[PDB]
Structures are given as C-alpha cells and as structure tokens.
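Letter by letter, the chains look like this.
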Amino acid sequence: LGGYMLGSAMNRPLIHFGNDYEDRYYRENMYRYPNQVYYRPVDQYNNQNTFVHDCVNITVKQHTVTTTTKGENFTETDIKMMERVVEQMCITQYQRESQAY
C-alpha cells in the first residue's frame, strides 16, 4: 500500500536451516525470495520488533502477489524460509534506518 518504501538490495546471507533437506532446498530455491524489503518510515513504530514484524508481513505479501502474477507459487516451506530471511533483512534495514535518527 501507501507510505511504504522499498529498501536497497542486500547480500543474501548464507542461512542454515538445521537439516540436510532444508539446507539443500534453501540453496536451490533462494533466488526466488526477496533481496530487498518494504517498510514504513522508522519513526512510525514503537520499537524494533514491531517494525520488523510489519516489514516481514508486507514484504512477503507483496512478493507473493508479484511471484503469483508470473504464474509461480510458494509452498509452505517457501513461506517459512522467506519469513526467516526477510526477518533478517528487516532487522538489517531497521539498524541502517536507525543510525541516522
């Protein structure tokens, strides 16, 4: 929606998911996940957890609509992994937004 902003792109972290299948799955499917986040201006949140929570939901929602339009779909695992990595990226974005303000 409105008032959201799109952050600059970031390095996809290497992420370990705790078992052979998810590690392998992630390595193979990670190109399908966002490499940047949507967020509301940092002044508009009560703390880091709220900002991050919002950044994650909005970003994933938006990515899901644009991936769906291209005729592709996210599985439940996709959503879980995407959630974890977008949460990491949102934390980085908050940190970066924060040392200005």
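Residues are labelled from 1 along each chain in written sequence order, independent of how the entry numbers them, and those without coordinates are excluded. In computing side-chain properties, one takes all heavy atoms of the structure into account and sets aside hydrogens as well as water.

Asks: Before we go on, may I ask you to explain the overall build of the protein in this structure?
Replies: Numbering of helices and strands runs from the N terminus, with a helix taken as a DSSP run of H or I at least four residues long and a strand as a DSSP run of E at least two residues long. Within the protein, the secondary structure is distributed over three helices and two strands. Ordered by position from N to C terminus, the α and β elements of the protein give β-α-β-α-α. Against the 2.2 N^0.38 benchmark of 13 Å for 101 residues, the protein shows a C-alpha radius of gyration of 14 Å, consistent with a compact globule. Seen through its principal axes, the protein has C-alpha atoms that stretch 40 × 30 × 20 Å. Relative accessible area decides the class of each residue, using a 1.4 Å probe on protein chains only: under 20% of the type maximum gives buried, over 50% gives exposed, and in between gives partly exposed. Of all 101 residues assigned to the protein, the portion counted as buried reaches 37%. Contacts are residue-level and defined by heavy atoms, with any inter-residue pair within 4.5 Å sufficient. Within the protein, contacts between residues at least 6 apart in sequence are counted, and of these 73% link residues at least 24 apart. All accessibility values rest on the Shrake-Rupley procedure with a 1.4 Å probe; residue burial counts only the protein chains present in the view. Just so you have it, the protein exposes about 6700 Å², and 47% of that area is on carbon and sulfur atoms. Separation between the mean location of the 10 positive side-chain charges and that of the 12 negative ones in the protein comes to 4 Å. The reference for a compact globule is 2.2 Å times residues^0.38; the radius of gyration itself is calculated from the C-alpha atoms. When charges are counted, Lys and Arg contribute as positive and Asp and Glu as negative, whereas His and the chain ends are disregarded. Where a charge sits is defined by one atom per residue type, namely NZ (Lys), CZ (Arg), CG (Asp) or CD (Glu).

Asks: Where do I start with the nonpolar core in this structure?
Replies: Nonpolar side chains tend to gather and get buried jointly when the protein is soluble and globular. Ranked by internal contacts, the top residues of the largest apolar core, which has 24 residues, are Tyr26, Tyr33, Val37, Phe51, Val86 and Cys90. With near-sequence residues (within four places) excluded, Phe51 lies in contact with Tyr39, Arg40, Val42, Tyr45, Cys90 and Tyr94. Residues enter a nonpolar core if they are buried and are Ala, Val, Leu, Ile, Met, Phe, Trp, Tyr or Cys, with the set joined through side-chain atoms within 4.5 Å.

Asks: Mind showing me how you'd approach the state of the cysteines here?
Replies: When the sulfur atoms of two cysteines share a covalent bond, that bond is a disulfide. The criterion for a disulfide is a pair of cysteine sulfur atoms lying within 2.5 Å. One pass over the structure, following the stated rule, counts one disulfide. One disulfide in the model links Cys55 with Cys90; its S-S distance is 2.1 Å. Between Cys55 and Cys90 the disulfide shows an S-S torsion of about -80°. By sign, it is left-handed. Placement of the pair is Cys55 in helix α2 (residues 48–69) and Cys90 in helix α3 (residues 76–98), with a sequence separation of 35 residues. Among the residues examined, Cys55 registers a relative accessible area of 1% and is labelled buried.

Asks: Any chance you could explain the packing of aromatic side chains here in plain terms?
Replies: Given two aromatic rings, one states the distance between the centres and the angle between the planes to describe the pair. Pairing of aromatic rings covers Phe, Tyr and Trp, the last through its six-membered ring, and needs centres within 6.5 Å; plane angles under 30 degrees mean stacked, over 60 mean edge-to-face, and all others mean tilted. Within this structure, the stated rule accounts for seven aromatic pairs. Arranged with centres 5.2 Å apart and planes meeting at 50°, the rings of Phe17 and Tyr26 form a pair that is tilted. With respect to burial, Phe17 and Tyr26 carry one shared label: buried. Pairwise contacts between aromatic rings join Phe17, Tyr26, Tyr33 and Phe74 into one cluster. Whether a charge lies above a ring is judged from NZ of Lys or CZ of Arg, which has to be within 6 Å of the ring centre and within 35 degrees of the ring normal. One residue, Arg84, lies across the ring of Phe17, its end atom 4.9 Å from the ring centre.

Asks: It is not clear to me how the packing of α2 against α3 should be interpreted in this structure. Could you clarify?
Replies: Helix-helix packing is described using two parameters, namely the angle between the two axes and the distance between the axes. Here, axes are lines fitted to C-alpha atoms. For helices the fit covers the stretch in contact, and angles between N-to-C directions go from 0 to 180 degrees. Their axes nearest at 9 Å, the elements α2 and α3 cross at an angle of 130°. The pairing of α2 with α3 is recorded here as oblique in orientation. The chirality of how α2 crosses α3 is right-handed. Here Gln48, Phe51, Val52, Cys55, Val56, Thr59, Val60 and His63 of α2 come into contact with α3, specifically with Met82, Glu83, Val86, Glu87, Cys90, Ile91 and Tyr94. Here the contact of α2 with α3 is built from residues that sort into ten nonpolar, three polar and two charged. Angles below 35 degrees are treated as roughly parallel, those above 145 as roughly antiparallel, those between 65 and 115 as roughly perpendicular, and all remaining angles as oblique. When the near helix sits turned anticlockwise from the far one by under a right angle, the crossing is termed left-handed; a clockwise turn instead gives a right-handed crossing. Polar here means any residue outside two lists: the nonpolar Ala, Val, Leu, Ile, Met, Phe, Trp, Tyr, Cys and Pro, and the charged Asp, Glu, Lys and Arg; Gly therefore counts as polar.

Asks: When you look at the pattern of salt bridges in this model, what are you seeing that I'm missing?
Replies: Side chains that differ in charge, positive against negative, can pair when their charged atoms come close. Basic side-chain nitrogens of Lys or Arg form a salt bridge, by our definition, when they fall within 4 Å of a carboxyl oxygen of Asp or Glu. Throughout the structure, instances matching the rule amount to three salt bridges. The partner of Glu22 in a salt bridge is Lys80, with the nearest N and O atoms 3.1 Å apart. Of this pair, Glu22 sits in helix α1 (residues 20–29) while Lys80 sits in helix α3, and the two are 58 residues apart along the sequence. In this structure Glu22 comes out as buried when scored by relative accessible area, which is 14%. In this structure, the salt-bridge partner of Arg32 is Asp78, at a minimum N-O distance of 3.1 Å. Pair noted here: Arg32 is in the loop between α1 and β2 (38–39) and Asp78 is in helix α3, with a separation of 46 residues, a long-range link.

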